[PDB]
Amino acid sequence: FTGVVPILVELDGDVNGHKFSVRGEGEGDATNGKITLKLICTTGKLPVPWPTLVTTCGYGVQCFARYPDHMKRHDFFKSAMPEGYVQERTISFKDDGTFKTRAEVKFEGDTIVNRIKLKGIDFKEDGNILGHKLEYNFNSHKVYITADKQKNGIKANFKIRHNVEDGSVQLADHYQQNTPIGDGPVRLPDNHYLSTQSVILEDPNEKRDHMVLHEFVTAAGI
């Protein structure tokens, strides 16, 4: 992770029966804590607004967080490489439905690959998610990481705030658990967080339903 590593993202999902697939490619720079991704919906029109997938694909790969020198001891993500780790989540949108996600992150050659299955249920058809009322941007968060010795992994907790067009804010509770795939020693961390910032852009020469994602993540709190 000292250099620039290519990324591959594969997502197969169905939210309230609408099946969709999303494929993306980009590169992460852990040294500077940067991520860039172009993600494209291959099945046509995305049932859900793009920001709701930012965490799934984007916060999907968190190896590329920049852990400062005095905190390098707590970096589970890089510590689990190259065998990889499993990333499981329940994302519950307040007063609406629920994402439940299983993802595997590992190296396949010089490339890091993020493979996800997503299944969402109980969404209002005129609610903020299925009716596409979310603004095409993303807010700044704190991913609170904590150790789970019993599962030899970590747990994560954060509240994502999705800006709504009318000025309101759609809250999304993330409950995340990570487990390493490899038999080796991974170090399980003291309490800390990952402060995240994101911008969401467009490729003008891309006409398929897509999103261009930038992430900026640095660890803090020790």
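Residues carry their position along the shown sequence, with the first being 1.
Of the two segments, 84 to 92 and 139 to 147, the one listed with the higher mean B-factor is 84 to 92 (C-alpha atoms only). Legend: mean Cα B-factor per stretch from the PDB entry, 66 to 74 versus 170 to 178; the higher mean is in 66 to 74. Annotation for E25: CA B-factor lies in the lowest third of the chain's modelled residues.
Among all modelled residues in its chain, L8 ranks in the lowest third by Cα B-factor. The entry lists a Cα temperature factor for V217 that places it in the lowest third of the chain's modelled residues. Sort the modelled residues of the chain by CA B factor and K106 lands in the highest third. Among the modelled residues of its chain, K117 has a C-alpha B-factor that falls in the middle third according to the deposited record.
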